Each structure stands twice: as structure tokens, then as C-alpha cells.
Amino acid sequence: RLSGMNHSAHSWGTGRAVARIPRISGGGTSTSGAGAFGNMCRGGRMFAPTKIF
Amino acid sequence: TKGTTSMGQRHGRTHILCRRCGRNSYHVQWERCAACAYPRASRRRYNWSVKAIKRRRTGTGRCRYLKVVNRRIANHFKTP
Amino acid sequence: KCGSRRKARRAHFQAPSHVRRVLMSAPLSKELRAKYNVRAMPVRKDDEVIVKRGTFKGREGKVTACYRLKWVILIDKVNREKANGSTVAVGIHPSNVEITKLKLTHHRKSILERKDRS
Amino acid sequence: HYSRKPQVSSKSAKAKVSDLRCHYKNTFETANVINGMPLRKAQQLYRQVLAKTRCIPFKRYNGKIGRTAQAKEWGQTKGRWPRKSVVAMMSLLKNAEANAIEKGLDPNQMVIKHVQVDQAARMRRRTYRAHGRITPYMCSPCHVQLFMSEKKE
Amino acid sequence: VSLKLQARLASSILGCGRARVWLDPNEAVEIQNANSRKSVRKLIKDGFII
RNA sequence: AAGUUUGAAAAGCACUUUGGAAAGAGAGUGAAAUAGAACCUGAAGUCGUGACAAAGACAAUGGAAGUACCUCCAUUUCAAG
RNA sequence: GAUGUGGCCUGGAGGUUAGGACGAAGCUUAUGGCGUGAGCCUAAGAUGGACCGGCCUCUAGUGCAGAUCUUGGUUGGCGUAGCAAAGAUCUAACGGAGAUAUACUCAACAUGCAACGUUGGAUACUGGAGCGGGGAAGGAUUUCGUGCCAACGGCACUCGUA
RNA sequence: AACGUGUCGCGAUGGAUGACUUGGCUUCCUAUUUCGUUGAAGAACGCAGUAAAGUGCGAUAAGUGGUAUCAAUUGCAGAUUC
Ligand SMILES: [K+]
Ligand SMILES: [Mg+2]
Ligand SMILES: [Mg+2]
Ligand SMILES: [Mg+2]
Ligand SMILES: [Mg+2]
Ligand SMILES: [Mg+2]
Ligand SMILES: [Mg+2]
Ligand SMILES: [Mg+2]
Ligand SMILES: [Mg+2]
Ligand SMILES: [Mg+2]
Ligand SMILES: [Mg+2]
Ligand SMILES: [Mg+2]
Ligand SMILES: [Mg+2]
Ligand SMILES: [Mg+2]
Ligand SMILES: [Mg+2]
Ligand SMILES: [Mg+2]
Ligand SMILES: [Mg+2]
Ligand SMILES: [Mg+2]
Ligand code: NA
Ligand SMILES: [Zn+2]
């Protein structure tokens, strides 16, 4: 249930020349500022995740 | 000016190394740790950061006595 | 042993030294088989073997080492040369050889006695 | 393994150099001009370029370089004098000459027949720009291969 | 060759700036051989450094 | 971020020759070196080189119908047919 | 916008029927053939080195050109814009692979340039609120000697806080 | 002419695809199964003939003692029931 969502990611908003997808916080690594949480982002959460019910 | 120039005005340090937990989080002026709350007897723990809890909990270190006592329990305190 | 390929391969490749010893066994010859009623024995230093598969088949020699970290045995007559000219021994997997003469000790005799099929 | 093969292997000499730290665009022009030349003629040309009495014509990578009279002999108006590439190509020619001598051929009869320059893998540095920006500063090295053959009078 | 070490040691021994230390340009081989304050003092006594 | 996935086995390139060195040219191991050490396969995009086709400015690409030259492609025919 | 299709394609399961070291998957194409089409099949590889095709049912994380889409890699502009505050170096000898480096012909110029460390000499600058000599905060071996010059010192190095 | 354009053969740069898998995720079960003032969990500093990290260990320190095994360890050295 937690896979692909273990980040404190927030959208940067409009007014910067980037797409409005949520982005990883922080700095000092190659993952900082990368896209997050979406089913189209590398390292994101899949669409309609599967369940045991 | 509030940017580059002011970066050169930062002189001392707010935090030093903590005796109990080893992080650079011991507030010098209020003699207490921001990471583990030393010298309060119990430690800091909050459910709004399960990630921090899992970074600090049992089994992330050595367990140098717990391994021994676990084996004794599994063997029923066998003795000659 | 395991209805799980993942677990079986993990156990094989992480086996300790005393388990690798048993896993590195070789069949006995027909004469030794008939003398002892035992099919196979773990290989040991100073036994005599003959190579049965590969490039060196038909060669004979004496076991100089059971490396056991590389999963091979070294035979003194099985070797080749480097570019320099000096010779090096070539490792062989123990299931590709046959034992023709055992190195006997009291405990090895006891092992054969407990594995006897009579 | 070169991208072309000499007609007669026994009368040919080869030479090659990889990841050479000279500019790919300068070395391309410097090497391409000697392609059909006899070996002694090529070496004379390189010496005269070092002396600045003749030039290297820049035919492909020449956007907004200067104009010179010494380019007229090549049918152009643009040319330069790149010493760093010239000395490396002189070294390569010396190696090919040594290989020919060891095979037992006469260097005063060799004719260069194959020349090829390629972009190699790049190296990365950085430069600092206004408003706290960082931007790439890269190096562009090259591979060079050539072979020469004995002409038959 | 480099006589930086000898020049530094001679500055220290003679108590002057480097601009006042003079190393003989014809005895470079001899000055090359001095590696200690004792040897440099011997050079000063012999007159290859003034 | 990052599979250390060379090869069955290091047998991981002795030796000669050019070079300050890195390397190159030979020689050798291996079934294979276009398997030579971050080494299975090795795509697209982009670039070099050799050969060839032409070609004004008509942006290029595109449709239809022919022709000149080419074609490591297919199929059918060779005598009573 | 609705619906149909013994309509096409992808990963896995139950059946059935086959292939492969005399070369499976993957990849390449002025390789043709079939189909209105989605696509299918053969040929060649001077490619690869161990798995896999058809048919009937079952099942799904099942088809991309564009979302200022995500991540990796390329690319024209381009040898372009530029590398212009803090005045500045010159000369000989020594050192170094870093030269005085040549095919005929040719005494030398017109065919090996550019650049470096050390010592001596010359010329200038800092100008005691100093590119002088010591300390606190901050840093933690950057200090010393001998080597070395792959990367780094946005030019260079035989030199370096590398 | 040159620069440019197009096609085919051969090379470079680049690291996709296929095959591989001692990893992950999910479900189910069995127990004389639940730490600490007799000093825990965590944190620090050390220990090898050669040893940066990691692993193991504590000045008895890549281990002492006992039982069972039965001839290694291995990059290089060093040295049968011991
Ligand atoms: K410029
Ligand atoms: Mg995921
Ligand atoms: Mg203040
Ligand atoms: Mg304060
Ligand atoms: Mg301009
Ligand atoms: Mg800048
Ligand atoms: Mg800034
Ligand atoms: Mg490969
Ligand atoms: Mg989907
Ligand atoms: Mg796509
Ligand atoms: Mg300028
Ligand atoms: Mg200035
Ligand atoms: Mg003044
Ligand atoms: Mg530089
Ligand atoms: Mg893959
Ligand atoms: Mg409890
Ligand atoms: Mg260590
Ligand atoms: Mg004690
Ligand atoms: Na699936
Ligand atoms: Zn603390």
C-alpha cells in the first residue's frame, strides 16, 4: 500500500517553465526536483494498485 | 544586502555533537538535543514521522546482548 | 530437496565448508565399488583419479588440492603453460572424475564401514 | 580493424591513435588535407604550417573564422594554423613510417591512401554563470586512423 | 635543478630576506648537495652563499 | 545513482620493433579478442569515410502517371515446346 | 456517438501439436510473397549463442506522436559569445622527451613552432590602515621531505593547498 | 568548382532490447517464542603477519572453552582427532 508514495513531494506551481507534477524536495542528490507520485513518473505509484480483496 | 553578502556574516554555531545520539543536534544555548531530547530521560518519538522511527528503532544497530539472550531463550536456558 | 528453485540455489551457493565437502564427491571405480559396496566418496587430497569428461579425459594423476572456494580439485598431471612459460594447474569439477585409489586412514575406514551396503 | 582494407597488405603500413586530447574539429581539418599525398610531401607541408608560410584549409567546421591569402592555393578563403593538432599528426606519421621500415618498405615511395577522424567520448568540467547558474564546459577529443601504400612506378 | 630548499635554509640561517641571499651561479652542483642546516652553514663558511 | 552478465577455464596478450609515456605495428592464448577487463547481446538518434546519383535560384516533404539507369529479389520459359 | 467482426497484436495459465548446437530469443534490410487494413510469412546476415512457434480454451499492470508529460542519452546554434578591474616584464646560463626534429636539390633566411622550472643580472610594483609578522571564530593535515604529472589548478607547467 | 543534398558498403559515439536472477512483493503454518539496575536498545572508540569500507569480535578483541566432524584456509605469506 505504500509503494511509490514514500516521499514528501509537492508541486512547484505555475510561473516556472516546468510541468505541474509534484516534485521531490531537498538537494544534494540526483533525485532532487524529479517528478513524483504519478503513474507516468519514474519511481511513482502505479495506476489502480492491486488489492487482496 | 540579504543574500550573498549576508552569507558572510554568519559566524558561530547553534548546534554541536550530542553525547547520547551522536548527531550534530545539541543546542549549545538551551542545553538539549533537537534529535533525541537529551538530557530528558526518554527519547523523542512522533507518529507523524514513521520514517524517522524506522531509522532509529531496535535492530538498526548491533544488538550485542539481545542476540545472546535470544539464543538462551530458544535453547530453554540449557545448562550442564 | 526444495520445491523452490530460489531457495535450493541459494543454499547450494552459500553452503559452508563442511557441506561443500560432501557436495564435491566422485564415483568410485568398478573394482573399488565391488570391494567396498559403496558408490561414491568425497574427494580428498592424495587420492588417485582419472578424468572422464572434458578436454583432459583419459588423464590420470594425484589430487593435490580441493580448493572448495572455487568448487574444483587440482590434479598434478593436469596443467598447461602461461605466456611466460611457467605452468599452472587447471581446475576440474569433481563429478567429472573417477576415484581409482583411496587414501586410507582409520577414520576414512570407519566412514566406509558406516556407508557399507552389505 | 580499419574501416577500409589496403589492396596489397604486404606493401602497406598502418597507424592509429585513440582518445587523443586534441580538438576534434581542428584535427579533422588538419588530417583530411594530406589524404592523397606522398609521405614526404605531407611532412613538408606540416613543417611549413608550423613555420606559418602555408596554412590548413578549413572546409567544414569554419563558421565565422578569419580570411587569409594563404588559403588561395586550396581554392578557399578561410584557413588557420593549428599547432596542437599539427604536432600530433606529425607523431602519427612517424609511427607509420617506422612500421613501414620494419616491414621492409621504402618510405620515399609511400602514398597515403586512407585517413579517418572520429569523435571520441567526452569529458566534463563546469563553468559558473550569473544568478547562481552552473553550465557545462566540455572537452571534445578524437580517434585517428590511417594507412599508406607503396606506389608502383 | 631547484635550489629552493637551500635558499630557504640560508634565509633562515642568515636572518635576512630572500632578496639579500646570493647563491653562486657556478657552484650549483655543490649547493645541490647540502640538505641540512649544518651543510648549508658549511657552504656559507666556504663562500658559495653570501 | 549503481546487475561486477570477459571466458568452460586467466589460458588476463611472453617476445620483437617505434615512442618520454600513453599507445601503435607484429607475434601469441582461446571455439571466438568485432569476448582484451566494468569486457554477453549491442537497437534507435547523431557523426566519419569510400563508391555512386545527380542537381540552379523553384524551402523540403507529398499524390498520380510514365521514362532513363540499376537490382545480393521473385516467378516463368527454352524446340516442338 | 452507438454497435459488429471463425478481425489484428502483447505478458502469463489449462490442453494439444511441433521445432532447436546441421544454431532458439533478440537485432539488421533496394529480402520478396500474402492481406482493403491492423499485420503475417519466407530469404540473406561475411549477426547472435540457448531456448521456443501454431491451434482451442482461460486470464491481465495488454497496443502511443504530442499531456509547458517522467527518466536517460543526443543535437543545430559553434570552434561562435567570450576568457578586457587589481600597471610588467626583459636577458643569459643551467635543467628537461618537451630540439637546432628535412625526401631529391640544397652554406646559412625563405621547411619544428609555441611554451616551462632554477640561479645570476636588469627593470618595476606593494608603500607600515602592506600580495609584512602573530592570534580568536571557522577549517582539520591543507604543514615537512622525496617522487610523480592520468584526472584537477576554466591558457600552460619539468610546478602545486592535486 | 567549392559548400550542401540523396542512396548503398564499412567504421565511431550511445547503451535500448533479448536471454539470465543468491532480490522484492503477496498468502499460509509450527512453537517448554517476548529486552532492561545481574546495567537494555542506541551511540562512540578499538582489534588481522599483510586490512580503507563492510562483516565478526572487545585489551582473552576477524576470537578463548565444550560437543560433533574429519583434512584444510587460500590474494600472498606462515604453520592426523592436536
Ligand atoms: K572570439
Ligand atoms: Mg516502484
Ligand atoms: Mg550578526
Ligand atoms: Mg544563540
Ligand atoms: Mg565576432
Ligand atoms: Mg561566470
Ligand atoms: Mg552564488
Ligand atoms: Mg559487447
Ligand atoms: Mg497500462
Ligand atoms: Mg515511444
Ligand atoms: Mg583578451
Ligand atoms: Mg589587466
Ligand atoms: Mg610605489
Ligand atoms: Mg587548464
Ligand atoms: Mg535489459
Ligand atoms: Mg511487550
Ligand atoms: Mg578496517
Ligand atoms: Mg582483562
Ligand atoms: Na503482467
Ligand atoms: Zn541527541
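So you know, we letter chains A, B, ... as the sequences are listed, proteins then strands, and number each from 1. Computed from heavy atoms alone, side chains included, the values below leave out hydrogens, waters and symmetry copies.
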Has the side chain of [X] got a donor or acceptor atom sitting under 3.5 Å from an opposite partner on the base of [N]?
| X | N | result |
| --- | --- | --- |
| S2(E) | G117(G) | no |
| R6(C) | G24(H) | yes |
| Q14(C) | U22(H) | yes |
| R83(D) | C113(G) | yes |

Reading 5' to 3' through nucleotides 145-152 of chain G, protein heavy-atom contacts under 4.0 Å coded B for base, S for sugar-phosphate only, - for none: S-----SS
Separation between the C1' atoms of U34(H) and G49(H), rounded to whole Å: 45 Å
Using the P atom as the point on both nucleotides, what is the distance between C39(F) and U34(F), in whole Å? 16 Å
Ring centres under 6.0 angstrom apart (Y26(B), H15(B)): no
Close residues, residues 51-62 of chain D, relative to RNA chain H [heavy-atom separation under 4.0 Å]: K59(D), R60(D)
I need the residues from residues 89-96 of chain C with at least one non-hydrogen atom less than 4.0 Å from RNA chain H; give them sorted by number, or say none. none
Aromatic-base stack, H76(B) on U32(H), cutoff 5.5 Å, angle under 30: yes
Just grab all the salt bridge (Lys or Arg N to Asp or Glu O under 4.0 Å) pairs involving residues 69-80 of chain D, residues at least two apart or on different chains. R54(D)-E73(D)
Pairs meeting criterion salt bridge (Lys or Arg N to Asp or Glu O under 4.0 Å) with involvement of residues 16-43 of chain D, two or more places apart: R40(D)-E97(D)
Against the six-membered ring of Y2(D), is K14(D) placed for a cation-pi contact (under 6.0 Å from the centre, within 45° of the normal)? yes
Mutual orientation of the aromatic rings belonging to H7(A) and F37(A) [parallel < 30°, tilted 30-60°, perpendicular > 60°]: tilted
Atom pairs and distances, donor-acceptor, side-chain atoms in residues 70-80 of chain B, under 3.5 Å, two or more places apart:
{"residue": "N70(B)", "atom": "ND2", "partner": "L66(B)", "partner atom": "O", "Å": "3.4"}
{"residue": "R72(B)", "atom": "NH1", "partner": "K78(B)", "partner atom": "O", "Å": "3.1"}

Does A59(H) adopt a syn or an anti glycosidic conformation, taking syn as a chi angle within 90° of 0? syn
For the side chain of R23(A) and the backbone of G33(A), is there at least one donor-acceptor N/O pair under 3.5 Å apart? yes
What about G23(G) and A24(G), stacked or not, using centres under 5.5 Å and planes under 30°? no
